[PDB]
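> Mind having a look at this structure? Questions to follow.
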Amino acid sequence: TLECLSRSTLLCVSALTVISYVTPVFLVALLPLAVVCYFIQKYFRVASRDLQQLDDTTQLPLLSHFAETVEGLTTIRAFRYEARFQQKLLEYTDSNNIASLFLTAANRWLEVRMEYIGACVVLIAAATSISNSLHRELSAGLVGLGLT
Amino acid sequence: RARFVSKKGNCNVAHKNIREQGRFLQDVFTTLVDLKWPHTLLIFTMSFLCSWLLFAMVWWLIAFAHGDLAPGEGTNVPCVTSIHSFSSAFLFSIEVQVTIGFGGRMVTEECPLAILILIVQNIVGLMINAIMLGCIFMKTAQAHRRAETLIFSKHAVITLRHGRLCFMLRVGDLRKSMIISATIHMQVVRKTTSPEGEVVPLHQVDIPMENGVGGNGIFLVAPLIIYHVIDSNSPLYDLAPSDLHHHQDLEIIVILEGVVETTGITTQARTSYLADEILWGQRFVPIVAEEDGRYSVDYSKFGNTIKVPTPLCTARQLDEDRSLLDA
Amino acid sequence: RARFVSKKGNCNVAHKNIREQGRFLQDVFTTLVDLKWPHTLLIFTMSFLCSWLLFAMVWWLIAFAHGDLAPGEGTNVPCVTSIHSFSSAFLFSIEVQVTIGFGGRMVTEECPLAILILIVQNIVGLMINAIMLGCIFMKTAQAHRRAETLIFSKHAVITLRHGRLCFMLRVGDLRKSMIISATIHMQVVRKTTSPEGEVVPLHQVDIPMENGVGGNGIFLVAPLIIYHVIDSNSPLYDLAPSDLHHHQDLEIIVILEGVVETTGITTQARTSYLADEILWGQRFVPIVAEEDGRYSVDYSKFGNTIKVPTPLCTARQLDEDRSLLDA
Amino acid sequence: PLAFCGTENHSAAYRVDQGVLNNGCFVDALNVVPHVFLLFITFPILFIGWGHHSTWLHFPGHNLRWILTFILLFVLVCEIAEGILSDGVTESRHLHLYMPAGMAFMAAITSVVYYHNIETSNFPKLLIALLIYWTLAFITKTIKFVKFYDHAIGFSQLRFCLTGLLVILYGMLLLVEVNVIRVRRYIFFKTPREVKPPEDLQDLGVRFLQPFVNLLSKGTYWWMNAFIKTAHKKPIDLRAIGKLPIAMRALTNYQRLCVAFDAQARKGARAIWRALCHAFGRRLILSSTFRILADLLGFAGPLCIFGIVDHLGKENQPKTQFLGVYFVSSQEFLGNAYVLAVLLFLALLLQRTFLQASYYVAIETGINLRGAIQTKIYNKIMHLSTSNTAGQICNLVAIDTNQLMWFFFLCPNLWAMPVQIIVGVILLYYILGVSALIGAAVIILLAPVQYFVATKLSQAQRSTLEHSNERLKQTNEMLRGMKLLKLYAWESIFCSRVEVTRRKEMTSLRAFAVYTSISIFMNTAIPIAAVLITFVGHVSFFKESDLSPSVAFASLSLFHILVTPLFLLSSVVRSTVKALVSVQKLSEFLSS
Ligand SMILES: CCOc1cc(CC(=O)N[C@@H](CC(C)C)c2ccccc2N2CCCCC2)ccc1C(=O)O
Ligand SMILES: Nc1ncnc2c1ncn2[C@@H]1O[C@H](COP(=O)(O)OP(=O)(O)OP(O)(O)=S)[C@@H](O)[C@H]1O
Ligand SMILES: Nc1ncnc2c1ncn2[C@@H]1O[C@H](COP(=O)(O)OP(=O)(O)OP(O)(O)=S)[C@@H](O)[C@H]1O
C-alpha cells in the first residue's frame, strides 16, 4: 500500500508537471481545480472513514448470530422460536447491507467527481495546447504529450 | 345519498327559484372579481379592444366629415394629422388610449370636436383603466388557493379520552404562513324532528370545541387534533357504534376561519364527515417527532388512525354505567 | 433540546414528506407576495425584460419577413418605420410596452399582423403591469416589520399575587400606532400522556388569561403585565419550583394578534418561554413613572424582574395548606 | 457589426423577395423564436418556484426523456461546432449559423430543469408549456429540413444530418409529452389519476434514495452530496444512515431467489447458477452493457488524440450552398481539432459516468445477491438435522458468500475485458501497421505472467500463514502464563523461542516479498518494454513508415488503455474460479 501510494502520488504530480510544461497557461486553471479536488478528497475521506468503521462493526453481529444459531439450534427449534430468529437475522443482514451499500455509494461519488475533474483538465489542456500549436510556435508532439 | 359539504369544502347545495331583481349584476364588481382568471382576462381584453374600436370609429368619422380623407393634402389642415384610413384611425386611437402616442398622427389645434373627443378618450381611458387595475388588485388578493392547503384528516375517530367519549379530527397548515387568529366551528348537520311537530331538513347544531379557555380558536403550525367532548347537552349523545354506516342521516361539518398572515385577508377552509367517514375505536397516530434539533412533523402518517380498544356503546350508556358502578 | 417557537416568534417546526399536488404554486400570487423584497425585485425585472425581449423578437421577425430589413428604403413602406436591427426592434418594443414611444419607430397603417401584434403587446403589457402593481401593493401592505417591535420580556416570573400563584410576562408596544383590538392567547406546550393510553408529542393546552371581563384582550400603549392565575382546572397546577430547569419538557407560547392602526391589517407577535426562561419568586420592576406632566415609561427596566420572598412549592400544595389552616 | 444574416453584398441576405419561407437565414431565424418562447415562459415560473420535504414522483417516460435530452444537448453542441466552423471563411460572422442552435441549447437545459421542477412538485398541468414547445421546435425544424431539401442540400453536408437528428429528437420529445398527457390525464379531462409517490420514499428513515432520483442524479450520485456534507459536521450513526428500500431487502431478494429456484426446479451447482441467473441477470447484463459502452467510449480517446495531432501537425472550405452560406462536410468537421477537442471532452465525460454507473450497478446486484444467499443458507440451517461443523457454516457465511459476491462485483469485467483487449489490439494494428502487433503481443504477455505471479504469491501466503499461526499459539502461551514466567524469570527463554519461530516466519516472508516485488516490477516494466520494442522495431527492424507525432502518441495512449485490463484479467479469472468453488461448496451444504 505504501508503494502504490508513492507511485500514485508521483504519477499524478508527474502528469500535472508534464501538462504544465507543455501548456504554461493551464497552471492558472490548475489552482481552482486543485482546491475543488482537495475539498472533495477531505469530505470523502471523513465520510468513507465513518462508513468503513460502521460497515466493519455491523458484520460481527451477523457472523456471531450465525454461530449462536448453529450452537443452540435444537433449543431454538424446541421453543418453536424459528420465526423470531429469522427476523433477527433479516435485521442484522439488512444493517450489514445498508452499511456496505452506502459505503459503495460514497466510493462512486468520489470517483465520479475525480473523473469529472480529470475531464475538465483534459479539456483545458487540449484546447490551450491546440491554440498554442496553431497561433504560437508550440510544437506538434508536445501537444500530444500533454494530451495523453 | 347527498351530503351537505364535499370533502374539499365545495358546498353541495343547489338553489332554485331565485327571484333576482338584477342584484347578481348590480354587484358587477365582485362578479368581475369572482370571474375565473381566464374569464377575467377575456373581460379585460374585451373592454380594451371595444374601447379602442369605439374611439377609432369616432376618429375616422370626424376625419371623414372634416374632409380629411380626400386627397389634395397640401391646401387644408387635418383635424388630426395623417389619418389616411380606418387603420390610421385605429392606430391613433390606440396610441391615445394607451398613451404611447408615437406622434406620427397627432391631434392639431385645428377643429374642436376632436379636442373634445380626445378629452373624452383620455378620461374614459383613465376611468376603465383604474377600474380594471382595482378589480385585478382585488383579484390578486384573493385567498382561495390558500385554503386549498389547510387540510383535514379524511377520517374522524371517536375514542375514549380521559374517561369520556371524544370525537376527533386532525388538521394541518402546510405553509409557513401562520393563518392568524384561527377559529374552528363544528356543526352536526342532521335532520331534526321537534316534539311540537317541526321537522327541518338540514338542521345545524353547533357542537362546542373542547378548550381549556372555553373558546373556539387554535394556534396552527404543527398538525393538531381537534376533539369534542360528547359528555352531554350536545349532539352525538346517543351515537351508538352501530349507527355509523353510509345511509345514516348524520353529517359533521367543520369550518376554520382566519386571516392569512401575508395578504391580511380572512379565509375559510371547511370539510365534512358523513356517518361512514367517521371511524369508531380509533386514535390518531402521533406525528411530531423530535429530530436532530427541531420538532419534525411527518405528514405521511397524517390520517392513519390506529385502532385502540374502546367500549363500543353510546355515551349515555357510558354515563349510566359510571353511575351504576359508583352506586 | 428543541423548542416549539423561538424567542423571536420564528416557529421551529420542520415539515417533512409533504405530498404537494402543485398547491404551493397554484397560489402563485401569495407566493409572489411572500418572496423577499430582493426576490420580488428580481421577479419584477425578469417579467419585464423577458416580455420586452419577446415582443422585440416578434417585431424584428415581422420586419424581416415584411422585407423591411433590406436596403432600398425609398420604394416600399415599412410595416413599422425605421426598424434597422434587433436593436431598433428592441427599442421599439420597449417604447410600446412602457408606452414612452418616442415615435421615431412608429407602427404604420401598412401591414395588419403588426397591428395585431401591437394590440397583443399593449394588452399583455397592461395585464402584467397591473399584476405587478397589485402584487407589490399587497407587498407594500405587509405588516411583518410591525410585529418586530411588539416585544415580550425575556423572563417570565411566577409570583404570589392576591394569595394565589400567578405566571406573568410583560409586553410592550414601542410605536405610537395602537395595534387595535389586541388579543392574547397563551398555550402550555407540553407532552401529554392520556389515561386511556394516548401520548401526543406537542400537545397545546390553552391557559386562560386573567381578566375582570373574562376575556383575552388588552389595551396596549404602556407596557403591561400579562398574568395567568394558576389556581386550578388549568395546566401548571403541579409546577414545583424544582421542575424549572433546562431539560424539563415544558414550554409556554404566547401569541398576540391585532390589526395595525394604520394599514388596517391583522398581525401577530409570538414568543415562547422554556422551563429555564421562566423564573420563580420574582416580580416585574415597575416601569411607568409620573414625569413632568405625562406618564413616562422607562424601557430600560423592561425585563429586570426583582426577586421577592414567595412560598416555594406547588400551587396544589398552596391550596392544601390554605385548607389545612382553615380547618 | 453583428448582423444575423451577415452583411454581404449590402446585406442582400435579408431580401425576402423570393418567397420568404425559402429564404434561408430566415427559416434559421424562425428557430430562434420557440427557444425564446420556452426561456421566457419558464424563467419567471422557475424563479417563483425557486424562491418542506416533498417525496417527489416520476412522470412516466422519465428515463426516456432524460436520455433524449442528453442526446439533444449532444447534437446541439455538434451544431454549434459545425456553425462556428462553417463561417470561418467570410468576413462578417453569420450569426444565424450558430446562435439559433446555441440558443436551443440553453432552451433544452431549461426544458430539463423545468420538467424536473414540475416532476418534484407534481403539478402536471404546467407540462402544457412543454406540450407547446416541442410542437414549435418540431415544426420550425421540419420547415428548416424541407427547405434544405429543396436546394438539394442532401446528406453530403453535416448540417443536414444534424437538423434531421434534431427533427427526429423533437418528434421523440413530442411523443413523450403526449405519452405523459395520455397516461395521467392532467389536461381538461376526467382528471382521474393520482399516483401517490412510492411507499419506500415516504418512510422517514430510508435515506439511501439512489433508486428515487432522476437519471442524471442516478448517474452522478448527486444526492449523496447532502448526506456527505452532514456526515462531515456530525458523525455517522445508524440513525443517520437510512434503512434499505423495499426493492433491496433481505426478504425481497430472498423471495425473488426462491421464485427463481422454483422455476429452475420445475425444469446441484448448475441449478444454483441458473437460479442466480434467473434472479439477477437483468441487472447483471445492464451493468455489463454500461461497462462495454464505457470501454468503447474510452477507446474513443486515443483515436481522437491521433486526429488532433494529425490536424495540427499538418499545414492548412468549399460547398457554399445557401446562396452565400457555407456548408462544412463531415470530413472537414472531424478534422478541425477544435471540434475534435470538445468531442473528446464530451466522450470522456460520458464514458467515465457510464463506467462508474456500471461499477455501481454491479456492486448493488452483488450486495443483493449476498443478502439473498445469506437468508437462504440460514433458512436451510433452520431445517437441518442434529446429526451433523459450526465453524464450517460460520466461514461459509464469512468467506464463501464473500467470494460469490465479489465474483458478482467483477462479473461485468469478465465479459468486457476480452472485448477491451481485442478492440485495443485491433486499433493499435490499424494505427501502427505490423509493428503494433509485436507491441501488442509484448504487452499481452503481461497477463499470464501476472497470473503465475499471483498463484505463487498465494502459495507463499499459505506457507507464511502456517508459521504465523504457530507463532500466534506460542505468543498466546507466553501471554497466558506471563504471571508464572515473571515469577521465575523464564520470560527471556520463551521470548527466545518466540523469536526463533519469528525468524522462520521471516524466512517465508522473504519469499512472499520477493513475489510481491516481482509483481510490482512486472506490472510497471512490461508496458515500458512494449513501447520500446514497438517504436524501435517500427523504425529500425521493419524500416516501416516514419514515426509521426499523431501516430506515435495515439499508440502510446492505446498502450496506457491496454495496461489495466491485461493486469486485472488475472485477478478476474482467479476470483471466478474461487467463486465457482464457493458455489460448489454452497450447493454441497444446501443439499444435506
Ligand atoms: C475501481 C474501484 O471500485 C470498485 C470496482 C469494482 C468492480 C471492478 O470492476 N473493479 C475492477 C477495478 C477497475 C479499475 C477495473 C477490478 C477488477 C479485477 C480485480 C479487482 C478490481 N478491483 C476492485 C476493488 C478495487 C479496485 C480493484 C468493485 C468494487 C469497487 C470498490 O469501490 O470497492
Ligand atoms: N325566490 C326568491 N328569490 C330571491 N329572493 C327572495 C325569494 N323569495 C323571497 N325573497 C326575498 O326574501 C324577502 C322576504 O321573503 P318572502 O316573505 O317570502 O316574500 P315577500 O317579502 O313577501 O316578497 P316582497 O317583499 O313582497 S317583493 C324579500 O325581501 C325578497 O326579496
Ligand atoms: N404527506 C402529505 N402532504 C400533504 N397533504 C397530505 C399528506 N397526506 C395527506 N394529505 C392530505 O390530507 C388529507 C387526508 O389525509 P389522509 O387521510 O392521511 O390521506 P388520504 O385522504 O387518504 O389521501 P387521498 O384523499 O386518498 S389523495 C388529504 O386530502 C390529503 O390531501
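Just so we're on the same page: first chain in the C-alpha cells is A, next is B, and so on; residues restart at 1 for each chain, and ligands are numbered from 1 in the order they show up.
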Could the residues of chain D that have an atom at most 12 Å from ligand 3 be listed as CSV, each with its closest atom pair and the distance in Å to one decimal, counting only C-alpha atoms and all ligand atoms and ordered by chain and ascending residue number?


residue,atom,partner,partner_atom_place_in_ligand_line,distance
D:52,CA,ligand 3,3 (N),9.8
D:53,CA,ligand 3,3 (N),9.1
D:54,CA,ligand 3,3 (N),7.9
D:55,CA,ligand 3,1 (N),8.4
D:56,CA,ligand 3,1 (N),10.8
D:121,CA,ligand 3,4 (C),11.4
D:122,CA,ligand 3,4 (C),11.7
D:192,CA,ligand 3,27 (S),11.3
D:193,CA,ligand 3,27 (S),10.0
D:194,CA,ligand 3,27 (S),7.1
D:195,CA,ligand 3,27 (S),9.0
D:196,CA,ligand 3,27 (S),7.4
D:197,CA,ligand 3,1 (N),9.8
D:198,CA,ligand 3,1 (N),11.8
D:199,CA,ligand 3,1 (N),11.2
D:201,CA,ligand 3,1 (N),11.2
D:202,CA,ligand 3,1 (N),8.2
D:203,CA,ligand 3,1 (N),10.9
D:204,CA,ligand 3,1 (N),11.3

> Would you list the contacts of region 211-218 of chain C as a PyMOL selection string, taking every protein, DNA or RNA residue within 10 Å and counting only C-alpha atoms, but skipping same-chain residues closer than 2 positions in sequence?

(chain B and resi 213+215) or (chain C and resi 180-186+208-209+220-221+224+226-229+256-258)

> Please provide the set of residues having any atom within 9 Å of residue 204 (chain C), restricted to only C-alpha atoms, with same-chain residues fewer than 5 positions apart removed, written as a PyMOL selection string.

(chain B and resi 218-219+224) or (chain C and resi 187-192)

> For the selection you just gave me, I'd like the residues written to a file as an mmCIF file, in the first residue's frame, keeping N, CA and C atoms.


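Written file, out_20.cif:
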data_model
loop_
_atom_site.group_PDB
_atom_site.id
_atom_site.type_symbol
_atom_site.label_atom_id
_atom_site.label_comp_id
_atom_site.auth_asym_id
_atom_site.auth_seq_id
_atom_site.Cartn_x
_atom_site.Cartn_y
_atom_site.Cartn_z
ATOM 1 N N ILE B 218 -57.430 28.067 17.594
ATOM 2 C CA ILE B 218 -56.260 27.202 17.642
ATOM 3 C C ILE B 218 -55.036 27.965 17.165
ATOM 4 N N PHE B 219 -53.881 27.587 17.702
ATOM 5 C CA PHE B 219 -52.596 28.017 17.171
ATOM 6 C C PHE B 219 -52.105 26.897 16.260
ATOM 7 N N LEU B 224 -52.673 19.459 14.399
ATOM 8 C CA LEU B 224 -53.224 19.241 15.724
ATOM 9 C C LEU B 224 -54.571 18.542 15.649
ATOM 10 N N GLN C 187 -50.583 29.234 25.474
ATOM 11 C CA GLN C 187 -50.751 27.789 25.482
ATOM 12 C C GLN C 187 -49.527 27.148 26.108
ATOM 13 N N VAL C 188 -49.759 26.178 26.990
ATOM 14 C CA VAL C 188 -48.679 25.422 27.615
ATOM 15 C C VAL C 188 -48.405 24.213 26.729
ATOM 16 N N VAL C 189 -47.364 24.320 25.907
ATOM 17 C CA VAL C 189 -46.934 23.243 25.023
ATOM 18 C C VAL C 189 -46.099 22.259 25.839
ATOM 19 N N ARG C 190 -46.627 21.049 26.018
ATOM 20 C CA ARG C 190 -46.002 20.027 26.843
ATOM 21 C C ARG C 190 -46.542 18.675 26.409
ATOM 22 N N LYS C 191 -45.681 17.664 26.429
ATOM 23 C CA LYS C 191 -46.089 16.324 26.029
ATOM 24 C C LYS C 191 -47.048 15.744 27.062
ATOM 25 N N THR C 192 -48.236 15.353 26.610
ATOM 26 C CA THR C 192 -49.316 14.911 27.479
ATOM 27 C C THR C 192 -49.598 13.434 27.248
#

> Counting only C-alpha atoms and all ligand atoms, what residues are within 9 Å of ligand 1, given as a ChimeraX atom specification?

/A:103-108,111 /D:291,355-356,358-360,362-363,406,408-414,417,564-565,567-573,575

> Do a neighbour search on residue 51 (chain C) at 10 Å with only C-alpha atoms, toss out local chain neighbours closer than 2 positions, and write the hits as a compact mmCIF listing (two decimals) with C-alpha atoms, in the first residue's frame.


# COMPACT_ATOMS: atom_id res chain seq x y z
CA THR C 45 -37.41 42.82 -13.60
CA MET C 46 -37.33 39.35 -15.18
CA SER C 47 -41.01 39.59 -16.11
CA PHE C 48 -40.38 42.96 -17.77
CA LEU C 49 -37.12 42.18 -19.58
CA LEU C 53 -37.24 40.59 -25.42
CA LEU C 54 -40.21 38.51 -26.57
CA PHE C 55 -42.05 41.30 -28.37
CA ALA C 56 -38.82 42.68 -29.79
CA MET C 57 -38.28 39.20 -31.10
CA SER C 93 -40.74 47.11 -28.28
CA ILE C 94 -39.66 48.88 -25.10
CA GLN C 97 -44.64 48.27 -23.77
CA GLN C 121 -48.30 43.86 -26.90
CA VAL C 124 -50.24 41.83 -22.25
CA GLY C 125 -48.31 44.91 -21.06
CA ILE C 128 -48.60 42.07 -16.40
CA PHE D 40 -39.32 33.44 -21.31
CA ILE D 41 -42.39 31.44 -20.32

> Would you give me, as a Markdown table, each residue of chain B having an atom within 6 Å of an atom of ligand 2, along with its shortest atom pair and that distance in Å to one decimal, using only C-alpha atoms and all ligand atoms and sorting by chain and residue number?


| residue | atom | partner | partner_atom_place_in_ligand_line | distance |
| --- | --- | --- | --- | --- |
| B:17 | CA | ligand 2 | 1 (N) | 5.0 |
| B:18 | CA | ligand 2 | 3 (N) | 3.3 |
| B:19 | CA | ligand 2 | 3 (N) | 3.5 |
| B:20 | CA | ligand 2 | 4 (C) | 5.5 |

> Would you write out those residues with C-alpha atoms, as a PDB file, in the first residue's frame?


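again.pdb, freshly written:
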ATOM      1  CA  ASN B  17     -86.447  29.616  -7.973  1.00  0.00           C
ATOM      2  CA  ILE B  18     -84.405  32.697  -7.075  1.00  0.00           C
ATOM      3  CA  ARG B  19     -86.333  35.918  -7.790  1.00  0.00           C
ATOM      4  CA  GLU B  20     -83.452  38.218  -8.746  1.00  0.00           C
TER       5      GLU B  20
END

> Compile the contact shell of region 131-145 of chain B as a VMD selection string: residues with an atom at most 9 Å away, counting only C-alpha atoms, same-chain residues fewer than 4 positions apart removed.

(chain B and resid 29 to 30 32 to 34 37 40 44 126 to 127 149 260 263 to 269) or (chain C and resid 23 to 24 26 to 30 126 to 127 130 to 131 133 to 135 137 to 138)

> Next, the residues of the selection above should be written as a JSON list (two decimals), in the first residue's frame with N, CA and C atoms.


[["chain", "number", "residue", "atom", "x", "y", "z"],
["B", 29, "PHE", "N", -69.05, 44.33, -9.61],
["B", 29, "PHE", "CA", -67.62, 44.40, -9.28],
["B", 29, "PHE", "C", -67.12, 43.13, -8.62],
["B", 30, "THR", "N", -67.82, 42.62, -7.60],
["B", 30, "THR", "CA", -67.40, 41.33, -7.06],
["B", 30, "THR", "C", -67.73, 40.21, -8.04],
["B", 32, "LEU", "N", -67.13, 40.64, -11.21],
["B", 32, "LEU", "CA", -65.96, 40.77, -12.06],
["B", 32, "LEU", "C", -64.66, 40.38, -11.36],
["B", 33, "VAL", "N", -64.68, 40.31, -10.02],
["B", 33, "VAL", "CA", -63.56, 39.72, -9.29],
["B", 33, "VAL", "C", -63.67, 38.20, -9.29],
["B", 34, "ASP", "N", -64.87, 37.67, -9.09],
["B", 34, "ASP", "CA", -65.04, 36.22, -8.98],
["B", 34, "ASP", "C", -65.01, 35.51, -10.32],
["B", 37, "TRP", "N", -59.83, 33.51, -13.56],
["B", 37, "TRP", "CA", -58.73, 34.22, -14.21],
["B", 37, "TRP", "C", -58.78, 34.21, -15.74],
["B", 40, "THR", "N", -61.63, 36.59, -16.45],
["B", 40, "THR", "CA", -61.21, 37.96, -16.17],
["B", 40, "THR", "C", -60.29, 38.48, -17.27],
["B", 44, "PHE", "N", -61.24, 41.77, -19.48],
["B", 44, "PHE", "CA", -60.19, 42.78, -19.59],
["B", 44, "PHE", "C", -59.94, 43.16, -21.05],
["B", 126, "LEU", "N", -58.66, 56.61, -18.64],
["B", 126, "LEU", "CA", -58.27, 56.64, -17.23],
["B", 126, "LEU", "C", -59.29, 55.89, -16.39],
["B", 127, "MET", "N", -60.58, 56.10, -16.67],
["B", 127, "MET", "CA", -61.63, 55.52, -15.85],
["B", 127, "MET", "C", -61.64, 54.00, -15.92],
["B", 149, "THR", "N", -54.64, 24.49, 0.98],
["B", 149, "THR", "CA", -53.52, 23.81, 1.62],
["B", 149, "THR", "C", -53.69, 23.72, 3.14],
["B", 260, "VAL", "N", -55.07, 35.29, 6.53],
["B", 260, "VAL", "CA", -53.74, 34.86, 6.13],
["B", 260, "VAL", "C", -52.73, 35.87, 6.63],
["B", 263, "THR", "N", -51.26, 38.47, 2.97],
["B", 263, "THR", "CA", -52.17, 39.42, 2.36],
["B", 263, "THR", "C", -53.20, 39.96, 3.35],
["B", 264, "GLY", "N", -53.17, 39.50, 4.60],
["B", 264, "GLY", "CA", -54.03, 40.06, 5.63],
["B", 264, "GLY", "C", -55.50, 40.02, 5.29],
["B", 265, "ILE", "N", -55.97, 38.90, 4.74],
["B", 265, "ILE", "CA", -57.36, 38.73, 4.34],
["B", 265, "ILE", "C", -57.91, 37.46, 4.96],
["B", 266, "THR", "N", -59.10, 37.56, 5.54],
["B", 266, "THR", "CA", -59.74, 36.40, 6.14],
["B", 266, "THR", "C", -60.04, 35.35, 5.08],
["B", 267, "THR", "N", -59.81, 34.08, 5.43],
["B", 267, "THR", "CA", -60.16, 32.96, 4.57],
["B", 267, "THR", "C", -60.80, 31.88, 5.44],
["B", 268, "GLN", "N", -61.26, 30.82, 4.77],
["B", 268, "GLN", "CA", -62.04, 29.78, 5.42],
["B", 268, "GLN", "C", -61.83, 28.46, 4.69],
["B", 269, "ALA", "N", -61.51, 27.42, 5.46],
["B", 269, "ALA", "CA", -61.36, 26.07, 4.94],
["B", 269, "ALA", "C", -62.37, 25.18, 5.66],
["C", 23, "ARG", "N", -49.99, 22.66, -5.21],
["C", 23, "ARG", "CA", -50.77, 23.64, -4.47],
["C", 23, "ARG", "C", -49.93, 24.78, -3.92],
["C", 24, "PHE", "N", -48.62, 24.59, -3.77],
["C", 24, "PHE", "CA", -47.75, 25.66, -3.30],
["C", 24, "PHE", "C", -47.45, 26.69, -4.38],
["C", 26, "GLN", "N", -49.84, 26.73, -7.33],
["C", 26, "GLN", "CA", -51.17, 27.13, -7.77],
["C", 26, "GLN", "C", -51.60, 28.41, -7.08],
["C", 27, "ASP", "N", -51.05, 28.69, -5.90],
["C", 27, "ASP", "CA", -51.09, 30.02, -5.33],
["C", 27, "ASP", "C", -49.81, 30.76, -5.69],
["C", 28, "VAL", "N", -49.72, 31.11, -6.97],
["C", 28, "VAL", "CA", -48.58, 31.88, -7.43],
["C", 28, "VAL", "C", -48.56, 33.26, -6.80],
["C", 29, "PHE", "N", -49.71, 33.77, -6.35],
["C", 29, "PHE", "CA", -49.80, 35.19, -6.03],
["C", 29, "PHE", "C", -49.33, 35.50, -4.61],
["C", 30, "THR", "N", -49.80, 34.75, -3.61],
["C", 30, "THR", "CA", -49.23, 34.96, -2.28],
["C", 30, "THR", "C", -47.80, 34.43, -2.22],
["C", 126, "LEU", "N", -50.42, 45.84, -20.29],
["C", 126, "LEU", "CA", -51.39, 46.25, -19.29],
["C", 126, "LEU", "C", -51.60, 45.15, -18.27],
["C", 127, "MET", "N", -51.71, 43.90, -18.74],
["C", 127, "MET", "CA", -52.05, 42.78, -17.86],
["C", 127, "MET", "C", -50.94, 42.53, -16.85],
["C", 130, "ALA", "N", -50.49, 45.58, -14.35],
["C", 130, "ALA", "CA", -51.47, 45.60, -13.28],
["C", 130, "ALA", "C", -51.26, 44.44, -12.31],
["C", 131, "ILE", "N", -50.81, 43.29, -12.82],
["C", 131, "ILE", "CA", -50.50, 42.16, -11.95],
["C", 131, "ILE", "C", -49.39, 42.53, -10.97],
["C", 133, "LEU", "N", -48.19, 45.72, -10.20],
["C", 133, "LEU", "CA", -48.72, 46.76, -9.33],
["C", 133, "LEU", "C", -49.45, 46.15, -8.15],
["C", 134, "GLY", "N", -50.44, 45.30, -8.41],
["C", 134, "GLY", "CA", -51.25, 44.76, -7.33],
["C", 134, "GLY", "C", -50.47, 43.88, -6.38],
["C", 135, "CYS", "N", -49.58, 43.04, -6.91],
["C", 135, "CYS", "CA", -48.79, 42.18, -6.03],
["C", 135, "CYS", "C", -47.91, 43.01, -5.11],
["C", 137, "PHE", "N", -48.53, 46.12, -4.24],
["C", 137, "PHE", "CA", -49.35, 46.84, -3.27],
["C", 137, "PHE", "C", -49.61, 45.95, -2.07],
["C", 138, "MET", "N", -50.06, 44.73, -2.34],
["C", 138, "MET", "CA", -50.16, 43.70, -1.31],
["C", 138, "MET", "C", -48.86, 43.54, -0.54]]

> For chain D, report every residue with an atom at most 10 Å from chain C (counting only C-alpha atoms), formatted as JSON, numbers by chain.

{"D": [2, 3, 4, 10, 11, 12, 13, 14, 15, 16, 17, 19, 20, 21, 23, 26, 29, 30, 32, 33, 36, 37, 39, 40, 41, 43, 44, 45, 47, 48, 49, 50, 51, 52, 53, 54, 55, 56, 57, 118, 119, 120, 121, 122, 123, 124, 125, 126, 194, 196, 197, 201, 202, 203, 204]}
